[PDB]
Amino acid sequence: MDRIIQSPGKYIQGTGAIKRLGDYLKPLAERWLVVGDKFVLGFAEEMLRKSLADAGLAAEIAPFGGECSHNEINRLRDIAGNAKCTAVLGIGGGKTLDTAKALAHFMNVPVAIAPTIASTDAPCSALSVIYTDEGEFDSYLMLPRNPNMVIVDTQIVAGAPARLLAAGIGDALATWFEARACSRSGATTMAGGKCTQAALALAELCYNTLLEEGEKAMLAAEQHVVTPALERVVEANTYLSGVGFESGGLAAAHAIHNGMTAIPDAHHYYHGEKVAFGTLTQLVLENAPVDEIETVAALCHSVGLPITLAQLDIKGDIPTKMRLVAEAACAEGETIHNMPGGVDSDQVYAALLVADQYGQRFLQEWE
Amino acid sequence: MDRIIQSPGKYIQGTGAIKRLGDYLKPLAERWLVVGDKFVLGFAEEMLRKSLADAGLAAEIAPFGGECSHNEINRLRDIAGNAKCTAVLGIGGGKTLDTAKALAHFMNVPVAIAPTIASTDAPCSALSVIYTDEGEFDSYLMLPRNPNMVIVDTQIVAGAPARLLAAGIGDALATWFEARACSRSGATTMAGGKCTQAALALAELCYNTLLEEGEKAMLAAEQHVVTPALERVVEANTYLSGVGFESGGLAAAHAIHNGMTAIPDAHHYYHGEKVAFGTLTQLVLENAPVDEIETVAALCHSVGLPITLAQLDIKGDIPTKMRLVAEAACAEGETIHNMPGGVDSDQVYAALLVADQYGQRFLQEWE
Amino acid sequence: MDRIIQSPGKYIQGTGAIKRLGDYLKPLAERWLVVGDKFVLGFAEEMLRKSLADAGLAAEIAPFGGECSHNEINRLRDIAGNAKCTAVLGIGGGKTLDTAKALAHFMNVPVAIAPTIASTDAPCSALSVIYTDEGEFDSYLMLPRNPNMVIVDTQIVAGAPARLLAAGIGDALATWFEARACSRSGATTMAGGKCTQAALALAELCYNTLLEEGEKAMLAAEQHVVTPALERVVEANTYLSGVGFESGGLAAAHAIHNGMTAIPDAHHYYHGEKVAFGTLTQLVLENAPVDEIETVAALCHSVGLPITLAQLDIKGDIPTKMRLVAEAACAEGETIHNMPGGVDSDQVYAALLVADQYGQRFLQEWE
Amino acid sequence: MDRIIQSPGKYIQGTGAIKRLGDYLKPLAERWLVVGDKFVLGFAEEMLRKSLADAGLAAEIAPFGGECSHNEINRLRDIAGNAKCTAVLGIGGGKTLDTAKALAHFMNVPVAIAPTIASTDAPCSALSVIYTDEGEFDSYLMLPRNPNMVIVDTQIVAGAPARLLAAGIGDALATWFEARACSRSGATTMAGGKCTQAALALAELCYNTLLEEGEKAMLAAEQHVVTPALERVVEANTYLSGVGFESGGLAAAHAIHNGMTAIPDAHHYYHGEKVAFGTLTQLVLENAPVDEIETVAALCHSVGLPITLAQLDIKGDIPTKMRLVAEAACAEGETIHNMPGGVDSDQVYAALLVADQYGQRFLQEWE
Amino acid sequence: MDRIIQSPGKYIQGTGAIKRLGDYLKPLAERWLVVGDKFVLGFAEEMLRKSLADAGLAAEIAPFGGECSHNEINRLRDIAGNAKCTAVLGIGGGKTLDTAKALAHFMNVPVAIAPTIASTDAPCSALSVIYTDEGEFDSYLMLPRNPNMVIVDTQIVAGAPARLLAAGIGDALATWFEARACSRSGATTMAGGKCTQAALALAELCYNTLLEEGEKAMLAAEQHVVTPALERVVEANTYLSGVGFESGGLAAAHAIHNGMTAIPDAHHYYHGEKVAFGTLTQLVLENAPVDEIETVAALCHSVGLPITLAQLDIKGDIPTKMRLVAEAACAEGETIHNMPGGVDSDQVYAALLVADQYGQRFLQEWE
Ligand SMILES: [Zn+2]
Ligand SMILES: [Zn+2]
Ligand SMILES: [Zn+2]
Ligand SMILES: [Zn+2]
Ligand SMILES: [Zn+2]
């Protein structure tokens, strides 16, 4: 079938980029709905307003309700209509950015996306996860277009808790291994075709950037300052990992992440932290060479990502819990069937237990 | 400053992709102006109409006037308005595709771009070159967005004259060397920022794909059939070279190409054929190691790209002509000043003469 | 699914091995039907009788009818019953050996197989090709067991025309590439499961033996003498290529060989000669790196195997003929669908034309 | 612009070289002002006088006042005039040698320079740092010529405290990284042109000599004996590092050293000790690969050079102090702007904090 | 003994450097004797006068007599005294530059040296070769100082006949092999000590620059234009080869060059052309590995340097002539005794004949 790659129209990254938002947004639209939660607007609203006003743009500030829900999208659409907004700016973290993307689709207007953290692969993607008002997961909204613009102010990102940058590393770490799996199996990506060479190259660059820059970047993150290593990792966590998963393909790591909602244990952990362990499990499943498993586990441990079930607070009654995770990971429609040669719940169960044993040995040897 | 990468929203490539245009275009818009010249519509209009009609889309066919001019854009805008078109599909070669992009911008509608040849790096870019009705160059139109969609039917491409695929190789060959030059000098790209790692990786993938697949692809092109090598080269000539030049940066090769309009001699040669020699000249200018110059010249010769002035029909009174080319390449605003350490017309003149001498020696040794 | 490897029970190879047949066959059975054509018995019957008689075994000599047909199998079964034979020895080339294997199955007795040439991968396999009495192909007989014993007298083999050893090299050359293709795609082998590591290792050893020993062995073959290089190649052509195709898997090369019966042109060429070109076509289809295609073509040319259509006397009206070959190679049930990612007749047609162009260029450069 | 390298006219190094001063100085001039402090003349004056007297040269011994000041230069010029001196010999450490160079310039006579320690890159350079009589920094005196002669008695050097040899290693360690930075950015050197290949080669030899010989040399230094390793390091600390910085270029390490005078904390540490940490900070700033940062930190630690702020007695209120250091390092005219792509105080501040964190981790892992 | 390196005080190289002579010379002296022959002043005197006049310097132009003789030095000293010159500028080729250096020594004034060709290793050295007025060799004048300043206008150099640049390559080619020989044997250099690491590194850089850039530079030289390759080779031929021979050491190649004055045959060839063959002979003498001899001969042949006696017009009666050359090369005081392990005329004779045989074979294989 056809090979397809999707991307946001324009990805912008640099220190102080928020100050230049007005100039970047002007060619797209003149009147912007600005969606962000109270915490994000607390530190960004003044800069936001000045940049847009100085560029001659209008801004209607709309504090975010907290959930990406159909009710919240309709509430913001009503607000935007009163100010005759012709575009949407989402600023903040994942739920805010998903809402802005979904809202812009239903209004059929450009969307600009300003992540204030680099903790997940989602901002660049043509996807919104819909939740109920209560925060329960409802559905996946496949969008027909990626965001027009993604603008990453790396000095804002460097101010976030360092754990969120490491979580982004966990999300981005899966990118190469899942895209490679899909390339080998010929699976269809979320872009709707087979993997391109471009997406594979970006996914492999993602992985190598994390290997070369991940530890250097964590040092900057913990000091809340911007160095080139942090800049490269932020790009890897956002653009490379975004295009990599969407146009490169998802596989076992993503499906194992979703399977962990079949148990309550890991609720306090971030998407990327669970994905890190899911990647180690995937490496067992594909029988990756010891050197490769070793390198991934070392990378994870060096930035504090979990490599054992216990590091995700998954403890006690492990056979029962991993059977639950394995069956859910292998449900109809889950991306684990993109693995070469097919996989069933018995193989995933085995991989989960062996990956945990392997992380336990790694941690022990490390002392 | 900020680092920026731009891309078309969705790049689609495969054999028979034209048959699936309707399904690919439907999520963007319902009523399409279809712009193509009489030759392209001669072979594609029936397939086009069936795909769009079967998807429930409307199509207003508008035979292209031949020039990307303000008059032609206004003519097509008038035609589109009568059919209440809400999007533009350009199908064919460069002038058609530039017109469709410019038209879609002035109507503020989505644009889909269907190249029927893979001969230049332009289709994916946020650029239209405006000409007079007479075909004289008028201006560069910087567009605020890349095309929403680029759809490359590789079986249509394989039907084109093989010389056009080799010309695309010439255009794409410059991509890595110009982006690397801009990365080293910190020049601003046409995306408006400094080069990203993503664009550099795509530009380097472009070059390596040409080295690994260029000769295999030419064999398929000359037989007018699709093999994976031809698929990889078409991607390299279109997506990788497009994003690579726009977000990676232009330098001496592009400026030397433009300088050759200061003389009449090479008028019968394609953009990519002149760019191939401009890349060799750039390698002299940056004093590339002999192995690297050797590899580029061998690649060029293996697909029939020129590596001497005589192969561009530039003969006789070479000192005068190359002085004219060198002065024009170094004019204010030309991308040759993106070269590390700066360059003046004396250095370009020297490089032109030495590159030609080097291609002459290469050709001789090759017998 | 399960991973399965099949093998003959005992594979014996060495100079003068025919003289030791009696001692090798005695532990299996006491009374042997000996099937061979008049030419083979002309040089081997005296040695045969002495070896079996000296070991205390009975031999009923049954001159072979020439075709592996149901009538011939019934004729030999009747002959064997009159002598109360309890085992079958086939000695000679493919049709004789297929008959002996099929006969032994229908009598349910041990079979010993003594190839006098090393020209195909068939002797060790659990397969008999059934023909009509007229020599037209009838059906594939999948046998439930591989031969009990295969005995290769390399001094007899060295006496055969050298072209037959090179043909065996052509058959064996496909082994690694087809088994690798099936390993990558997870196709089912004729052993009835997925590929084992053992079969993959044997198939890769086959290929490397041909690269290292093929030319050394041809020199011995042309002089009709036995050297260790010829011994290694005979093993590669017989045991390694036999287990490799049956337990490693068939793919495009085998299917392209079968497709050439859709045209009359190559009737004068051996199975392995057509398979050599089918392997080159497969390398195009999987877009093998230039170095790998180069190495295979060089190996073929160094032993006289064809790398162009013209070297198979396939000339004139090539588009029509290759369309016929491509459609037949892609019929339902053909092993070309074991190729990773699936293949259709358009892709095979393209590969055939490009492989021929590539062999034409290779031959030209070689002068 | 032009490429320029400067050097002292003659650089002499060996055990007992002071004994041969007379023969080395005779071809330059007959009557020498000898400037050294009371400690240096205490051990060297007798040898000095004998060597010059035996060669038929006159010597006027002038005990050094302690500061390289305009008053001290005028005092020594008056002393020299009474003895009709026609040349100047400075013997000892930096302040003495700067005075001798400045004095020789104002008298317009040859100067010979005899360092008794190898602790800084200054002796060979066409530079004198002028201070007030009080020891406060006054100005940089760019000299029009390098010293005519530099004579390094390595047995005198080996008698100095080993900490001074390690400090010289710290100064020399910056040489390659600063010259490479200036080569990449095309910055102007203190020689007044762009970097030559000669200076780059000498700077890279400096670095590799320190890697290969630094630890071997420290063992000799601590035992106060001369081995070839110590001889190579003395050359590296004096000639290679001297020509390397002056003709290769200064960058972030030098500017960060100067920035530390914006705080009082590190006053007890030598120039080369502060430059070692400034080099580590530069490596962060240029995002050097982890292996390279690792190698430099290991080299520093192996000879006792600081790799943390605390090892420079910079403790407490680190954000305030590093902001002060960063702003001063980025002042107009500072060599940090020779870094490729430009650098501002925010980037230096970040690099300082991250380099310190990195040295802290290195020290911890080392136990 | 001591290790010593000597250098000119300031080496300047770039296109148009002559135009900046005034600014470069001003800090040294105010009133300049300018010595050059009628041809050099014919193209340079106007530029010379403008640069010096614009800088406020006086110039007394003194057309050169043609020979570096005691009479010529006295003639120019008389001329200079009438204009109260306080410095000497020599501009042109070797005889002019030797005269200027010798003159400046006898006047005890600064000397600046401006080679207009890059054909020998001499300009930077503290050496003048004295001849009679008739042009017969008289003596070697060892100078106590290297020139204060060497200024190489590479655009003037590029205008010279390309054969002179290749001759400079021949001179510079010996540099590494002679310095390495002296380092291995511990011979004393003309700097008066043993070899330093700095000089060895510069000599090895010389050789590698010629290998990497020699052919690229010749192309520019033949086109009379400046490229970076030509700039690197000019530096190699002048600074690196100058300091390399003087501070690195001379050996067999230099002595064999001098030995060829024992016969009349090669009088039409340049110093560097004879030195190229002397280097090949040295490689035989030290039994260099075949790869190394091969590489040097290939380098020589690629720029037109001789690798046979016949290419130096040394033909007929070769045993007699080479005995004469060998005895002279081994005379008392000749640098051939710097070769490791000592060498006598029998060994040199053998090496000469074998080197010639080797060049003859090389030329033959090259066709
Ligand atoms: Zn994820
Ligand atoms: Zn182009
Ligand atoms: Zn076969
Ligand atoms: Zn310093
Ligand atoms: Zn010489």
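Order of the sequence lines sets the chain letters (A, B, ...), proteins ahead of strands, with each chain counted from 1. Only this structure's heavy atoms are used, side chains among them; waters, hydrogens and symmetry mates stay out.
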Engineer: Can you classify the ring geometry of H271(C) versus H257(C) as parallel (below 30°), tilted (30 to 60°) or perpendicular (above 60°)?
Structural biologist: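 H271(C) and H257(C): tilted rings.
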Engineer: Indicate yes or no: at least one non-hydrogen side-chain atom of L200(C) is less than 4.5 angstrom from one of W176(C).
Structural biologist: yes
Engineer: Any ion pair linking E235(C) and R232(C) (charged N to carboxylate O, less than 4.0 Å)?
Structural biologist: no
Engineer: Once rounded to the nearest 0.5 Å, what's the spacing between atom CG of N146(C) and atom OG of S247(C)?
Structural biologist: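 These two atoms lie 7.0 Å from each other.
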Engineer: With a 6.0 Å cut-off (strictly less than), is the heavy-atom count around CD of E292(C), excluding the residue itself, greater than 12?
Structural biologist: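 Yes - once you tally the heavy atoms of other residues, nucleotides and ligands closer than 6.0 Å, there are more than 12.
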Engineer: Is the CD atom of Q357(C) crowded by more than 12 outside heavy atoms at less than 6.0 Å?
Structural biologist: yes
Engineer: Among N237(C), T238(C), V152(C), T15(C), find the residue that satisfies the side chain to side chain contact (heavy atoms under 4.5 Å, CB included) test when tested with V157(C).
Structural biologist: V152(C)
Engineer: Would you say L240(C) and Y207(C) make side-chain contact, with heavy atoms under 4.5 Å?
Structural biologist: no
Engineer: Would you kindly check if the NZ (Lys) or CZ (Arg) of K95(C) is within the cone defined by 45 degrees around the ring axis of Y131(C) and under 6.0 Å from the six-membered ring centre?
Structural biologist: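 Geometry flag: set, cation within 6.0 Å and 45°.
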Engineer: Quick one: does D121(C)'s side chain have a donor or acceptor within less than 3.5 Å of a partner on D171(C)'s backbone?
Structural biologist: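 Absent.
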Engineer: If you count every heavy atom of other residues, nucleotides or ligands that lies below 6.0 Å from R145(C) atom CZ, does the total exceed 12?
Structural biologist: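 12 or below, so no.
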Engineer: Verify salt bridge (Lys or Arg N to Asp or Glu O under 4.0 Å) between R49(C) and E45(C), making sure each step is shown before the conclusion.
Structural biologist: CA-CA 6 Å; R49(C) 286 173 172 287; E45(C) 174 169 350; 2.6 Å; yes
Engineer: Would you find a donor on one side and an acceptor on the other, under 3.5 Å apart, between the side chain of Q311(C) and the backbone of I307(C)?
Structural biologist: yes
Engineer: Kindly indicate whether the side chain of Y270(C), heavy atoms from C-beta on, has any atom under 4.5 Å from the side chain of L164(C).
Structural biologist: yes
Engineer: With rounding to the nearest 0.5 Å, note down the distance linking OG1 in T281(C) to CG in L353(C).
Structural biologist: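 Interatomic distance, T281(C) OG1 to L353(C) CG, rounded to 0.5 Å: 9.5 Å.
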Engineer: Report the C-alpha separation of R323(C) and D346(C) in whole Å, then their side-chain angles, then the decisive distance to 0.1 Å, and conclude whether the salt bridge (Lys or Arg N to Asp or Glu O under 4.0 Å) test is met.
Structural biologist: CA-CA 8 Å; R323(C) 179 49 73 179; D346(C) 279 354; 3.1 Å; yes
Engineer: Do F362(C) and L280(C) have side-chain heavy atoms sitting under 4.5 Å apart?
Structural biologist: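 Answer no - side chains too far apart.
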Engineer: Quick one: does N148(C)'s side chain have a donor or acceptor within less than 3.5 Å of a partner on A112(C)'s backbone?
Structural biologist: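 A pair under 3.5 Å: no.
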Engineer: Before giving the answer on salt bridge (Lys or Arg N to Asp or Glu O under 4.0 Å), spell out for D54(C) and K50(C) the whole-Å C-alpha distance, their side-chain angles and the decisive distance to 0.1 Å.
Structural biologist: CA-CA 6 Å; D54(C) 285 346; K50(C) 184 193 159 47; 2.8 Å; yes
Engineer: Within this structure, what is the CD-CD distance for the pair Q347(C) and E286(C), rounded to the nearest 0.5 Å?
Structural biologist: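 Reported to 0.5 Å precision, the distance equals 13.0 Å.
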